Amino acid sequence: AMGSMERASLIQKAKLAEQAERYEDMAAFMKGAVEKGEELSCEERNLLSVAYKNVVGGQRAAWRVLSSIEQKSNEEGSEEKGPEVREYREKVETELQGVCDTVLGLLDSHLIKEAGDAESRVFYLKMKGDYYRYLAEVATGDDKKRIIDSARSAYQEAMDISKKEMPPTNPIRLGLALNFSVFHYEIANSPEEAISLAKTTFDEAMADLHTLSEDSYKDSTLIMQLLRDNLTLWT
Amino acid sequence: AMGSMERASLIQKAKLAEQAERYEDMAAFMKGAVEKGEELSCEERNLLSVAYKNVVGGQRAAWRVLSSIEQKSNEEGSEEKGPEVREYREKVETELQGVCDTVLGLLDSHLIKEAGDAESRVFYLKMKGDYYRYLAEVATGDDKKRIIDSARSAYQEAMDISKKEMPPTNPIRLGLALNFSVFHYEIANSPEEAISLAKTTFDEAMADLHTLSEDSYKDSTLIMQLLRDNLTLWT
Amino acid sequence: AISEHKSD
Amino acid sequence: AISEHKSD
Ligand SMILES: [Cl-]
Ligand SMILES: [Cl-]
Ligand SMILES: [Mg+2]
Ligand SMILES: [Mg+2]
Ligand SMILES: [Mg+2]
Ligand SMILES: [Mg+2]
């Protein structure tokens, strides 16, 4: 994608697109950068993640609005009004699935296989879990179970590496645990597993904060607060 | 556009897209509705306007961010870093110009010529002024003057009809005067004309508020407050 | 300025 | 719930 643009120019333009809040452009620039075939630095991995999180986030928010309207239309006493709500929800759903499939394709061709360091491998396997989780949010057919299992398997492999290779305050390790706990709660119907994971992760991070500089302490405690926010909603 | 979709389904889906904050889709649905060739009702005119205002609004905000970065790069002491800022600003600019050209095309083929009532004709001529004004904001070549004149001419024709055919509190009349005053201030370098127009419009509306119901009074005073906000910034 | 600055 | 609910 963007095959005639230099890799450095694609990265530079992704940063400009981020400043301009042009996330579809940012994602396209980063997709082009990945397709150059070189590994991504930590900053470049963050740009890839920010770009697609914002694109899929808009699609998810729209899908939730449309799904709610569609569910209300299927209640007792609701007037017919036709196929339009379902059609338009399906359109948005298909577009969201396409974005997820594109991110999963980048991870599979060939980000994950070329990621040897723990920081890069865990980042990409967390992303794989996240985008299968977004596919799961809208899945209703005979592959929902396989989609859920793919998300679980990616998060589990990421968690196994993170626990062996990263300290408990590492922001990627923390964000992974946060998102896997949300997977348990919202996708896997395992609220107790979600609560246990969030609590253990929070407590183990708290016990390690003494090792950190002021800036690393700020980074870790910001994510810890998100675990606490979920625990307060769930308990 | 969307030639196989029923007009009513396009309108219904534009309203769903608005609820989902999917403004590019909303604009495409409304473009398809216009291209059916029937006149638009007042509600449908508002949907067309909301959809394209939000699309172009995002593009304008991005263009302003990129133009500011580009201007800083051209100051004394700024390091080179290459063609990327200009290229990306040009990309966004071209996309914004394309959206303006699409709206102007709908007005010219054939919304304006089929609009005989004052409410519809003034609405469309105001839109024509607005989208030439957005073209003017980014124009720098040998047609800037002709673009500015096209915006002026459309606003002037709208104003002449509005003053003859609508009361001074009419929300479309008020929004037209507000936007023509912004044209004077920001595009035409005529801050005194902008201030005079905003003041006269505000005062003439205030004098007519006694004729209105509670709901029409709320509608008119909301727009009057925008005139006052500009006057406080300009004086 | 607001259009409908504040603009409309 | 927040992902990175609150999510990451
Ligand atoms: Cl549709
Ligand atoms: Cl570009
Ligand atoms: Mg090269
Ligand atoms: Mg490697
Ligand atoms: Mg028909
Ligand atoms: Mg007519």
# chains A, B, ... in the order shown; residues from 1 in each chain; ligands from 1
>>> closest_atom_pairs(of="chain A", to="ligand 4", cutoff="9 Å", atoms="only C-alpha atoms and all ligand atoms", output="CSV")
residue,atom,partner,partner_atom_place_in_ligand_line,distance
A:39,CA,ligand 4,1 (Mg),6.7
A:111,CA,ligand 4,1 (Mg),8.8
A:112,CA,ligand 4,1 (Mg),8.9
A:113,CA,ligand 4,1 (Mg),7.8
A:114,CA,ligand 4,1 (Mg),4.4
A:115,CA,ligand 4,1 (Mg),4.5
A:116,CA,ligand 4,1 (Mg),4.7
A:117,CA,ligand 4,1 (Mg),7.0
A:120,CA,ligand 4,1 (Mg),8.7
>>> closest_atom_pairs(of="chain B", to="ligand 5", cutoff="12 Å", atoms="only C-alpha atoms and all ligand atoms", output="JSON lines")
{"residue": "B:3", "atom": "CA", "partner": "ligand 5", "partner_atom_place_in_ligand_line": "1 (Mg)", "distance": 10.1}
{"residue": "B:4", "atom": "CA", "partner": "ligand 5", "partner_atom_place_in_ligand_line": "1 (Mg)", "distance": 9.1}
{"residue": "B:5", "atom": "CA", "partner": "ligand 5", "partner_atom_place_in_ligand_line": "1 (Mg)", "distance": 7.9}
{"residue": "B:6", "atom": "CA", "partner": "ligand 5", "partner_atom_place_in_ligand_line": "1 (Mg)", "distance": 4.8}
{"residue": "B:7", "atom": "CA", "partner": "ligand 5", "partner_atom_place_in_ligand_line": "1 (Mg)", "distance": 6.1}
{"residue": "B:8", "atom": "CA", "partner": "ligand 5", "partner_atom_place_in_ligand_line": "1 (Mg)", "distance": 7.7}
{"residue": "B:9", "atom": "CA", "partner": "ligand 5", "partner_atom_place_in_ligand_line": "1 (Mg)", "distance": 9.3}
{"residue": "B:10", "atom": "CA", "partner": "ligand 5", "partner_atom_place_in_ligand_line": "1 (Mg)", "distance": 10.6}
{"residue": "B:33", "atom": "CA", "partner": "ligand 5", "partner_atom_place_in_ligand_line": "1 (Mg)", "distance": 10.6}
{"residue": "B:36", "atom": "CA", "partner": "ligand 5", "partner_atom_place_in_ligand_line": "1 (Mg)", "distance": 8.7}
{"residue": "B:37", "atom": "CA", "partner": "ligand 5", "partner_atom_place_in_ligand_line": "1 (Mg)", "distance": 11.2}
{"residue": "B:38", "atom": "CA", "partner": "ligand 5", "partner_atom_place_in_ligand_line": "1 (Mg)", "distance": 10.9}
>>> closest_atom_pairs(of="chain B", to="ligand 2", cutoff="9 Å", atoms="only C-alpha atoms and all ligand atoms", output="tab-separated table")
residue	atom	partner	partner_atom_place_in_ligand_line	distance
B:84	CA	ligand 2	1 (Cl)	6.8
B:85	CA	ligand 2	1 (Cl)	8.1
B:86	CA	ligand 2	1 (Cl)	8.2
B:87	CA	ligand 2	1 (Cl)	4.9
B:88	CA	ligand 2	1 (Cl)	3.9
B:89	CA	ligand 2	1 (Cl)	7.4
B:90	CA	ligand 2	1 (Cl)	7.3
B:91	CA	ligand 2	1 (Cl)	5.4
B:92	CA	ligand 2	1 (Cl)	8.1
>>> atom_distance(atom1="atom CA of residue A:200", atom2="atom CA of residue A:45")
27.1 Å
>>> atom_distance(atom1="atom CA of residue A:169", atom2="atom CA of residue A:220")
5.7 Å
>>> interface_residues(of="chain B", to="chain A", cutoff="9 Å", atoms="only C-alpha atoms", output="number ranges by chain")
B: 9-10, 12-13, 16-17, 19-22, 58-59, 61-66, 69, 82-85, 88
>>> residues_around(residues="stretch 4-8 of chain C", least_positions_apart="4", cutoff="9 Å", atoms="only C-alpha atoms", output="VMD selection string")
chain B and resid 174 to 176 178 to 179 182 223 226 to 227 229 to 230 233
>>> write_last_selection(atoms="N, CA, C and O atoms", output="PDB file, in the first residue's frame")
ATOM      1  N   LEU B 174     -31.343  34.649   9.689  1.00  0.00           N
ATOM      2  CA  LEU B 174     -30.323  34.939  10.675  1.00  0.00           C
ATOM      3  C   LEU B 174     -29.004  34.201  10.418  1.00  0.00           C
ATOM      4  O   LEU B 174     -27.917  34.784  10.551  1.00  0.00           O
ATOM      5  N   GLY B 175     -29.086  32.905  10.103  1.00  0.00           N
ATOM      6  CA  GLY B 175     -27.873  32.121   9.831  1.00  0.00           C
ATOM      7  C   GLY B 175     -27.156  32.606   8.593  1.00  0.00           C
ATOM      8  O   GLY B 175     -25.918  32.589   8.549  1.00  0.00           O
ATOM      9  N   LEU B 176     -27.926  33.061   7.614  1.00  0.00           N
ATOM     10  CA  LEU B 176     -27.327  33.656   6.415  1.00  0.00           C
ATOM     11  C   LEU B 176     -26.562  34.903   6.770  1.00  0.00           C
ATOM     12  O   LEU B 176     -25.439  35.067   6.330  1.00  0.00           O
ATOM     13  N   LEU B 178     -25.378  35.842   9.644  1.00  0.00           N
ATOM     14  CA  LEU B 178     -24.212  35.449  10.447  1.00  0.00           C
ATOM     15  C   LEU B 178     -23.043  35.009   9.545  1.00  0.00           C
ATOM     16  O   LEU B 178     -21.912  35.485   9.708  1.00  0.00           O
ATOM     17  N   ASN B 179     -23.338  34.115   8.607  1.00  0.00           N
ATOM     18  CA  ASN B 179     -22.269  33.579   7.750  1.00  0.00           C
ATOM     19  C   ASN B 179     -21.736  34.588   6.759  1.00  0.00           C
ATOM     20  O   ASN B 179     -20.535  34.628   6.480  1.00  0.00           O
ATOM     21  N   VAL B 182     -19.362  36.659   8.701  1.00  0.00           N
ATOM     22  CA  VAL B 182     -18.057  35.954   8.814  1.00  0.00           C
ATOM     23  C   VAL B 182     -17.284  36.037   7.501  1.00  0.00           C
ATOM     24  O   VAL B 182     -16.088  36.289   7.495  1.00  0.00           O
ATOM     25  N   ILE B 223     -29.562  31.847  17.599  1.00  0.00           N
ATOM     26  CA  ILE B 223     -28.708  32.347  16.505  1.00  0.00           C
ATOM     27  C   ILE B 223     -28.272  33.764  16.764  1.00  0.00           C
ATOM     28  O   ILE B 223     -27.154  34.173  16.442  1.00  0.00           O
ATOM     29  N   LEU B 226     -25.094  33.901  18.617  1.00  0.00           N
ATOM     30  CA  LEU B 226     -23.887  33.715  17.800  1.00  0.00           C
ATOM     31  C   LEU B 226     -23.440  35.014  17.170  1.00  0.00           C
ATOM     32  O   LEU B 226     -22.249  35.298  17.097  1.00  0.00           O
ATOM     33  N   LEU B 227     -24.398  35.864  16.724  1.00  0.00           N
ATOM     34  CA  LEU B 227     -24.043  37.193  16.227  1.00  0.00           C
ATOM     35  C   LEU B 227     -23.369  38.002  17.336  1.00  0.00           C
ATOM     36  O   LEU B 227     -22.352  38.664  17.103  1.00  0.00           O
ATOM     37  N   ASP B 229     -21.763  36.862  19.959  1.00  0.00           N
ATOM     38  CA  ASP B 229     -20.449  36.262  20.254  1.00  0.00           C
ATOM     39  C   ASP B 229     -19.383  36.810  19.289  1.00  0.00           C
ATOM     40  O   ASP B 229     -18.292  37.181  19.712  1.00  0.00           O
ATOM     41  N   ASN B 230     -19.736  36.903  18.001  1.00  0.00           N
ATOM     42  CA  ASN B 230     -18.809  37.474  17.016  1.00  0.00           C
ATOM     43  C   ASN B 230     -18.580  38.928  17.260  1.00  0.00           C
ATOM     44  O   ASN B 230     -17.438  39.386  17.176  1.00  0.00           O
ATOM     45  N   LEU B 233     -16.086  39.355  19.950  1.00  0.00           N
ATOM     46  CA  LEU B 233     -14.738  39.026  19.508  1.00  0.00           C
ATOM     47  C   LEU B 233     -14.171  40.155  18.612  1.00  0.00           C
ATOM     48  O   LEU B 233     -12.972  40.446  18.659  1.00  0.00           O
TER      49      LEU B 233
END
>>> atom_distance(atom1="atom CA of residue A:119", atom2="atom CA of residue A:96")
27.4 Å
>>> residues_around(residues="residue A:56", least_positions_apart="3", cutoff="10 Å", atoms="only C-alpha atoms", output="JSON, numbers by chain")
{"A": [23, 24, 51, 52, 53, 59, 60, 61, 62, 95, 96, 97, 98, 99, 100, 131, 134]}
>>> write_last_selection(atoms="N, CA, C and O atoms", output="short mmCIF file (atom, residue, chain, number, x, y, z; two decimals), in the first residue's frame")
data_model
loop_
_atom_site.label_atom_id
_atom_site.label_comp_id
_atom_site.auth_asym_id
_atom_site.auth_seq_id
_atom_site.Cartn_x
_atom_site.Cartn_y
_atom_site.Cartn_z
N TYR A 23 -7.53 9.92 11.27
CA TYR A 23 -7.10 8.58 11.63
C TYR A 23 -7.17 7.55 10.51
O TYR A 23 -6.37 6.60 10.51
N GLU A 24 -8.10 7.68 9.56
CA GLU A 24 -8.17 6.78 8.42
C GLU A 24 -6.89 6.97 7.60
O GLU A 24 -6.24 6.00 7.21
N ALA A 51 -3.58 4.51 15.30
CA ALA A 51 -4.32 4.77 14.06
C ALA A 51 -5.51 3.81 13.97
O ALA A 51 -6.69 4.26 13.85
N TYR A 52 -5.27 2.50 14.06
CA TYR A 52 -6.35 1.54 13.91
C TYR A 52 -7.31 1.53 15.08
O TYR A 52 -8.49 1.34 14.86
N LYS A 53 -6.85 1.85 16.31
CA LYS A 53 -7.77 1.90 17.46
C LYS A 53 -8.79 2.99 17.23
O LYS A 53 -9.96 2.82 17.60
N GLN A 59 -16.04 2.96 14.33
CA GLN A 59 -16.93 1.96 13.73
C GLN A 59 -17.69 1.22 14.85
O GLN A 59 -18.89 0.97 14.70
N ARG A 60 -17.00 0.84 15.92
CA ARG A 60 -17.65 0.16 17.04
C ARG A 60 -18.74 1.02 17.67
O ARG A 60 -19.82 0.53 18.01
N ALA A 61 -18.44 2.31 17.87
CA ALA A 61 -19.42 3.22 18.47
C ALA A 61 -20.65 3.33 17.57
O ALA A 61 -21.79 3.29 18.05
N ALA A 62 -20.43 3.41 16.24
CA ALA A 62 -21.57 3.48 15.30
C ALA A 62 -22.37 2.20 15.30
O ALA A 62 -23.59 2.22 15.33
N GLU A 95 -17.81 -3.17 7.25
CA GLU A 95 -16.68 -2.26 7.19
C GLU A 95 -15.75 -2.48 8.41
O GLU A 95 -14.52 -2.56 8.27
N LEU A 96 -16.37 -2.63 9.59
CA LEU A 96 -15.60 -2.90 10.83
C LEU A 96 -14.87 -4.22 10.71
O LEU A 96 -13.66 -4.31 11.05
N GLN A 97 -15.56 -5.27 10.20
CA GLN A 97 -14.88 -6.56 10.03
C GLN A 97 -13.72 -6.43 9.06
O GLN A 97 -12.68 -7.05 9.25
N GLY A 98 -13.90 -5.64 8.01
CA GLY A 98 -12.81 -5.44 7.06
C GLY A 98 -11.58 -4.79 7.67
O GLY A 98 -10.45 -5.17 7.35
N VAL A 99 -11.77 -3.81 8.56
CA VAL A 99 -10.65 -3.16 9.25
C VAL A 99 -9.98 -4.18 10.16
O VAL A 99 -8.76 -4.29 10.17
N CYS A 100 -10.76 -4.98 10.90
CA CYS A 100 -10.16 -5.99 11.74
C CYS A 100 -9.34 -6.97 10.91
O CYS A 100 -8.23 -7.35 11.31
N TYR A 131 -8.12 -7.33 18.13
CA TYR A 131 -8.92 -7.28 16.90
C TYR A 131 -9.77 -8.53 16.74
O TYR A 131 -10.88 -8.42 16.17
N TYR A 134 -12.74 -7.50 18.83
CA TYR A 134 -13.69 -6.63 18.14
C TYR A 134 -14.51 -7.43 17.17
O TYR A 134 -15.72 -7.16 17.03
#
>>> select_by_dssp(residues="chain D", states="strand (DSSP E or B)", output="VMD selection string")
chain D and resid 2 to 3 6 to 7
>>> write_last_selection(atoms="N, CA and C atoms", output="mmCIF file, in the first residue's frame")
data_model
loop_
_atom_site.group_PDB
_atom_site.id
_atom_site.type_symbol
_atom_site.label_atom_id
_atom_site.label_comp_id
_atom_site.auth_asym_id
_atom_site.auth_seq_id
_atom_site.Cartn_x
_atom_site.Cartn_y
_atom_site.Cartn_z
ATOM 1 N N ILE D 2 -13.828 -0.508 30.692
ATOM 2 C CA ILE D 2 -12.869 0.364 30.016
ATOM 3 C C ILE D 2 -11.671 -0.444 29.548
ATOM 4 N N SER D 3 -11.341 -0.355 28.249
ATOM 5 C CA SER D 3 -10.171 -1.067 27.756
ATOM 6 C C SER D 3 -9.044 -0.032 27.654
ATOM 7 N N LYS D 6 -13.170 0.200 30.455
ATOM 8 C CA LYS D 6 -11.969 0.872 29.997
ATOM 9 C C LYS D 6 -11.049 -0.159 29.404
ATOM 10 N N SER D 7 -10.595 0.112 28.190
ATOM 11 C CA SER D 7 -9.642 -0.736 27.535
ATOM 12 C C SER D 7 -8.401 0.144 27.428
#
>>> residues_around(residues="residue A:133", least_positions_apart="6", cutoff="8 Å", atoms="only C-alpha atoms", output="compact mmCIF listing (two decimals) with C-alpha atoms, in the first residue's frame")
# COMPACT_ATOMS: atom_id res chain seq x y z
CA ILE A 147 -13.33 -16.09 16.90
CA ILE A 148 -13.55 -16.00 20.71
CA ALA A 151 -8.80 -13.88 20.77
CA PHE A 183 -12.33 -10.03 27.13
CA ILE A 187 -16.87 -11.70 25.57
